[PDB]
Amino acid sequence: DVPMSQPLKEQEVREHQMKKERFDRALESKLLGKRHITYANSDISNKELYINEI
Amino acid sequence: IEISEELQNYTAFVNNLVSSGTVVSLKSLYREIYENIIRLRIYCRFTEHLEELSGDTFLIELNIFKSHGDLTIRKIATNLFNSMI
Amino acid sequence: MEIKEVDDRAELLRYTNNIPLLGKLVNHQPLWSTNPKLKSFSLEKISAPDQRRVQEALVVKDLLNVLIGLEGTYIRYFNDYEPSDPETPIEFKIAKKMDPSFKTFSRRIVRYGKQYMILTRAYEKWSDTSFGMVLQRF
Amino acid sequence: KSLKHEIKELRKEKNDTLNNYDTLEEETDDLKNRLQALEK
C-alpha cells in the first residue's frame, strides 16, 4: 500500500561491506592489480623437425 | 641399436606376411603394413638430424615427444628415450 | 586397354621441412589427366543392355580404387587437384559416357572416397606437435 | 612472394589447358564417329 524502505540492518551492513570492498579495490589497484590480460608473443618448435626457409 | 631392432622387427613382420600366404591383394597388403609404415615414418623423422645433434638434445626432444597424444609416437619416443637414458 | 609409356619412379621426398610428423614421405603417382598409363576404353561401347554388366564391373573396380583416394580409369580427380600441395581441394569427375545409374551410384560412392582422402590428410596434418595432444589423439 | 606468384599463374594455366583438352577431346570424338560412319 505504501513505498516502504529497504531493510535497515541489511542496508548498513551493505554500506560497511562496500567501504571495505572499495578499500580493498583501491589497495589492489595500487599494487598493479593481481589479475591482468595477455597475448602470446612466441610459439614452440622441435629440433627433430627444424626449419629455416621455404 | 634401437633403430636396428625396429628394422629387424619390420623385416620379420614383412616376411611373416609374405610367407604366410594370407595376403591376396595389394589393398590387403597395404592394410597390413599401415601401422608399420607409420612406425617407419616416425623412426625416419626422429633421426633426420642424427649426425648433427647430441644425445642430451635427443633426450630433450624425446621428452617433448613422450607426451604426444598419438599412442604410437609416444610408444616409440618412450622406447628411444629409455635406451638413451 | 593398351599400355602407354610414362616414367613412374617411386622415391622419397627430397624436402621434408613442411611435412607433418606423420605426413606422407613418398611422392604421388602419375595423374590420369597428365600421365595416363592406359588408353581409356570408352564406356559407350558396352552400353548395350547385354554388355551392361561389363561396364558395371569396370565401374565397380574404379569405385574400389576411388574408395582409397586412388583415381580409377573412368573416375578421376578433377582439374584443380594438385597432389604435391597438401591443402589441395578434392573432388572426382566421372566419365560422362557412363550409364546414368552408374553415374548416380558412383557419385554416391565418390562421396566416401573423398571423405577418406580428406580424413587421411587430416590426421597426417594433425599429427604435429603444434596441435596439442587432444587433436593428436583425435 | 615472387615464387608464390609464379605458382599461381602456372596453376591457372594448367587448369585452363586441362579444360581445353576435354573440350577438344569431345570435338575429336564427334569427328571420329562421323568418320567411322563414312569409312563404313
# chains A, B, ... in the order shown; residues from 1 in each chain; ligands from 1
>>> interface_residues(of="chain D", to="chain A", cutoff="12 Å", atoms="only C-alpha atoms", output="ChimeraX atom specification")
/D:1,3-4
>>> closest_residue(among="C:65, C:40, C:79, C:51", to="residue 20 in chain D", atoms="only C-alpha atoms")
C:79
>>> interface_residues(of="chain B", to="chain C", cutoff="10 Å", atoms="only C-alpha atoms", output="list in words")
residues 27, 37, 38, 39, 40, 41, 42, 44, 45, 46, 48, 64, 65, 67, 68, 69, 70, 71 and 73 of chain B
>>> select_by_dssp(residues="chain A", states="helix (DSSP H, G or I)", output="MDAnalysis selection string")
chainID A and resid 9:30 47:49
>>> closest_atom_pairs(of="chain A", to="chain B", cutoff="7 Å", atoms="only C-alpha atoms", output="Markdown table")
| residue | atom | partner | partner_atom | distance |
| --- | --- | --- | --- | --- |
| A:46 | CA | B:61 | CA | 6.7 |
| A:47 | CA | B:61 | CA | 6.9 |
| A:48 | CA | B:46 | CA | 5.6 |
>>> write_last_selection(atoms="C-alpha atoms", output="mmCIF file, in the first residue's frame")
data_model
loop_
_atom_site.group_PDB
_atom_site.id
_atom_site.type_symbol
_atom_site.label_atom_id
_atom_site.label_comp_id
_atom_site.auth_asym_id
_atom_site.auth_seq_id
_atom_site.Cartn_x
_atom_site.Cartn_y
_atom_site.Cartn_z
ATOM 1 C CA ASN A 46 61.265 -29.111 -32.186
ATOM 2 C CA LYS A 47 64.968 -29.682 -33.120
ATOM 3 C CA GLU A 48 63.979 -33.099 -34.570
#
>>> atom_distance(atom1="CA of residue 80 in chain C", atom2="CA of residue 62 in chain C")
20.1 Å
>>> atom_distance(atom1="CA of residue 6 in chain D", atom2="CA of residue 78 in chain C")
21.7 Å
>>> interface_residues(of="chain A", to="chain C", cutoff="10 Å", atoms="only C-alpha atoms", output="list in words")
residues 43, 44, 45, 46, 48, 49, 50, 51, 52, 53 and 54 of chain A
>>> atom_distance(atom1="CA of residue 42 in chain C", atom2="CA of residue 40 in chain D")
19.9 Å
>>> closest_residue(among="C:34, C:91, C:10, C:125", to="chain D", atoms="only C-alpha atoms")
C:34
>>> closest_residue(among="C:70, C:119, C:95, C:6", to="chain D", atoms="only C-alpha atoms")
C:95
>>> closest_atom_pairs(of="chain D", to="chain C", cutoff="8 Å", atoms="only C-alpha atoms", output="JSON lines")
{"residue": "D:11", "atom": "CA", "partner": "C:80", "partner_atom": "CA", "distance": 7.9}
{"residue": "D:15", "atom": "CA", "partner": "C:79", "partner_atom": "CA", "distance": 5.8}
{"residue": "D:18", "atom": "CA", "partner": "C:79", "partner_atom": "CA", "distance": 6.4}
{"residue": "D:19", "atom": "CA", "partner": "C:79", "partner_atom": "CA", "distance": 7.3}
>>> decode(residues="range 3-45 of chain B", atoms="C-alpha atoms", output="short mmCIF file (atom, residue, chain, number, x, y, z; two decimals), in the first residue's frame")
data_model
loop_
_atom_site.label_atom_id
_atom_site.label_comp_id
_atom_site.auth_asym_id
_atom_site.auth_seq_id
_atom_site.Cartn_x
_atom_site.Cartn_y
_atom_site.Cartn_z
CA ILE B 3 66.74 -48.28 -35.00
CA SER B 4 68.24 -51.63 -36.00
CA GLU B 5 65.91 -53.51 -33.65
CA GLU B 6 62.95 -51.75 -35.25
CA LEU B 7 64.22 -52.56 -38.74
CA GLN B 8 64.63 -56.21 -37.77
CA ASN B 9 61.13 -56.33 -36.28
CA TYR B 10 59.79 -54.83 -39.51
CA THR B 11 61.69 -57.34 -41.65
CA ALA B 12 60.38 -60.21 -39.53
CA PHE B 13 56.82 -58.89 -39.81
CA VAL B 14 57.04 -58.39 -43.58
CA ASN B 15 58.42 -61.90 -44.05
CA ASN B 16 55.72 -63.42 -41.85
CA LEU B 17 53.14 -61.64 -44.02
CA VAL B 18 54.72 -62.73 -47.30
CA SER B 19 55.33 -66.37 -46.40
CA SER B 20 52.03 -66.60 -44.52
CA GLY B 21 50.27 -66.69 -47.89
CA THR B 22 47.39 -64.71 -46.38
CA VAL B 23 47.90 -61.57 -48.48
CA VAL B 24 45.91 -61.89 -51.71
CA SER B 25 45.58 -58.28 -52.90
CA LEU B 26 47.64 -55.11 -52.73
CA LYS B 27 44.84 -53.40 -50.80
CA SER B 28 45.08 -56.12 -48.15
CA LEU B 29 48.87 -55.80 -48.02
CA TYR B 30 48.68 -52.01 -47.64
CA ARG B 31 46.13 -52.61 -44.89
CA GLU B 32 48.53 -54.95 -43.10
CA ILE B 33 51.58 -52.65 -43.18
CA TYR B 34 49.69 -49.43 -42.40
CA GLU B 35 50.98 -49.17 -38.84
CA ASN B 36 54.45 -50.34 -39.87
CA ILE B 37 54.58 -47.57 -42.46
CA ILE B 38 53.59 -45.18 -39.66
CA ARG B 39 56.34 -46.59 -37.43
CA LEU B 40 58.96 -46.24 -40.16
CA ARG B 41 57.80 -42.66 -40.75
CA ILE B 42 58.32 -41.93 -37.06
CA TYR B 43 61.72 -43.66 -36.97
CA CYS B 44 62.81 -41.76 -40.09
CA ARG B 45 61.63 -38.33 -38.97
#
